[PDB]
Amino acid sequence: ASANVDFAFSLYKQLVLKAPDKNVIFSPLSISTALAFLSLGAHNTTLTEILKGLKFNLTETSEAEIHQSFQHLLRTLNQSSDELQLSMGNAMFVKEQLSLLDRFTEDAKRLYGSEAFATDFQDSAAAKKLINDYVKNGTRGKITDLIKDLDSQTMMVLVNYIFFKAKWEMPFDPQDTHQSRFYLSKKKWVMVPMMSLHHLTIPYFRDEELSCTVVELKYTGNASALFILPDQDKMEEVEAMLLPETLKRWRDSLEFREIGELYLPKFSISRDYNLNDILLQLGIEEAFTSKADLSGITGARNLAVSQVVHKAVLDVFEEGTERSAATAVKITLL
């Protein structure tokens, strides 16, 4: 858990360097679960790079343990449908007539809830629709096309998806939504539906240190949305200090208070990503090269990671929030 948080922020820094001016949106959990799933059939350097990559201290934790921690969280899909929807999913679309260790097969199905689907990668019109139709079903239609182009020498594709819909404890009234200004820069702006709430008592903290303001808006289930609003020209000062300690200082400093007015855009955004470079910058190299030991899958050192892709979607409206994310690890011959 303290690992997933370190991993989320590491990843945050990386994505921003690549495009410092674009929206960022991702699910750390989806990326982690998919890298851990991959770790089943990985050996030696390959195997140790992914776990230290995911931020785990291998002196401390065993890997049989880490697998149980992922198995434990996934079990909490038990989900109470009391104004809260959740569903995670893992899959492995293996090439028709490729043989896997009984041991691989059993571990995926038992620890990650995975399912094995025989897919014919020579027919890429279809193998393509199959994986896209799988992801679309699970995200209930938000992520319509995770897989774009896909080669015929693709041996196997690992897939993870996460769906979450929730209600605000304090919903917004659509009647108080009016087009207003959203400033991209000090001198440039656009017009966006700006929702509002009045005389509301919620968790608050003004961090003079980082020149930003933090507020918590709760959802009925047991999750919360944390909003940080840096002063104009301080977004970079904040991002520079986005670390586990800082997230803890804010949460511990939050105090109840009555806000006269709160304005929040009603919006809907998504990002698409090729994670090869980012994982490489976090130290996961060998899984991509000729040296890849993924022999826990077949029993032979004949498979390598072609690519890792993620797509995430965030909807903010007056009744609640919807977000989904998907990660796919493309696997080829070595």
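In case it trips you up, residue 1 is the first one in the sequence shown, and so on.
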Select between 158 to 166 and 107 to 115 the stretch whose C-alpha atoms have the higher average B-factor in the entry.
107 to 115
Can you tell me whether 242 to 250 has a higher mean C-alpha B factor than 221 to 229 in this record, or the other way round?
242 to 250
For the C-alpha B-factor as written in the entry, point me to the maximum among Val192, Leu210, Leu98, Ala91.
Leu98
Reading the B-factor column of the entry, which of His199, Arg206, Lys148, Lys234 has the highest value at its C-alpha atom?
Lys148
For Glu261, return the chain-relative third of its C-alpha B-factor as stated in the PDB record: lowest, middle or highest.
middle
Position of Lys52 among the chain's modelled residues by C-alpha B-factor, lowest, middle or highest third:
middle
Once the chain's modelled residues are ordered by C-alpha B factor and cut into thirds, is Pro28 in the lowest, middle or highest one?
lowest
By the entry's values, the third containing the CA B factor of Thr139 is the middle
Just say lowest, middle or highest third for the CA B-factor of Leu84 relative to the other modelled residues in its chain.
highest
